[PDB]
Number of protein chains: 2
Amino acid sequence: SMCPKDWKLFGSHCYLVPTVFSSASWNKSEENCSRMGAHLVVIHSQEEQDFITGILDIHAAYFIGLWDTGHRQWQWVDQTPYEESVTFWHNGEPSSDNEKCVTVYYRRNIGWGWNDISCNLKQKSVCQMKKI
Amino acid sequence: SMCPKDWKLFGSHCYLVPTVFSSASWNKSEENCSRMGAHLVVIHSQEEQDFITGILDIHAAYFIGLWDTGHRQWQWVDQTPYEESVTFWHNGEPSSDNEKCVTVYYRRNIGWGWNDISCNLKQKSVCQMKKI
Ligand SMILES: [Ca+2]
Ligand SMILES: [Ca+2]
């Protein structure tokens, strides 16, 4: 009802790990989400971070809707403000100015967190949309 | 519904070749797109390149939303990642560090491709916005 078939409800949003799209670049992942009236996940709280990572496979890395528009100048795909105080970077991350796109992946005996990687590397992804 | 009147739907985006001016500089072309709540086209895929060039006149050159922020440091006008491996430059392009803006045009017996040119030269343009 509140979410389309196969999507998962949390708060005011619906979430999906696409399959049909085995693996794809950040840009291609964002267009795939956008074609379903969604966008790569925008994470504004611990609760969102935990919900999103709860529906993922710990053996896979997933693009989120966060990327570097300039020099460590992070933006969300829905234009909502980047709050450095409410982030989930793995220790040592973000690591490199060469890596402008952000994945969420699981570090054994630590848990889930964000990693800057190359935007051209193919990863899984997670889409988010307002509920119906 | 999804696109304003006379705009053309492809994937998550609406596209328009504007007619207000017969030609304009890159800045004046981007300004015109912004006045419609749009941007000069941001071409992430073969599918987008094919769709956009399908709605153009093979006798005209069109500004796209790609510009050089430094020395071949190509940036899309929506600041989304530039991927050298998914580009449509004509053979021998880009050609000059003094050419900071990008047009798409048709080479006889070759097809559509991108060319770096002076930002001050007047060309046609193509705009895109997100669908509803
Ligand atoms: Ca990294
Ligand atoms: Ca040139």
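Lettering follows sequence order; numbering is per chain, from 1. For the numbers below, each heavy atom of this structure counts, side chains included, while hydrogens, waters and symmetry mates do not. Indexing begins at 1, ligand by ligand and atom by atom, following the structure's order.
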Name of the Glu93(B) atom (N/O/S only) found closest to the Ca ion (ligand 2): OE1

For the Ca ion (ligand 2), which N, O or S atom of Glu99(B) is at the shortest distance? OE1

Please determine whether a side-chain nitrogen of the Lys or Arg among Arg72(B) and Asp97(B) lies less than 4.0 Å from a carboxylate oxygen of the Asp or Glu. yes

Should the pair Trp114(A) and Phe88(A) be assigned to parallel (<30°), tilted (30 to 60°) or perpendicular (>60°) ring geometry? perpendicular

Can you label the angle between the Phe51(B) ring and the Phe10(B) ring as parallel, tilted or perpendicular, going by 30° and 60°? parallel

Can you see whether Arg108(A) engages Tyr106(A) through a side-chain donor-acceptor pair at a distance of less than 3.5 angstrom? no

Taking the N/O/S atoms of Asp116(A) one by one, which is nearest to the Ca ion (ligand 1)? OD1

Is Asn115(A) close enough to the Ca ion (ligand 1) that one of its N, O or S atoms comes in under 3.0 Å? yes

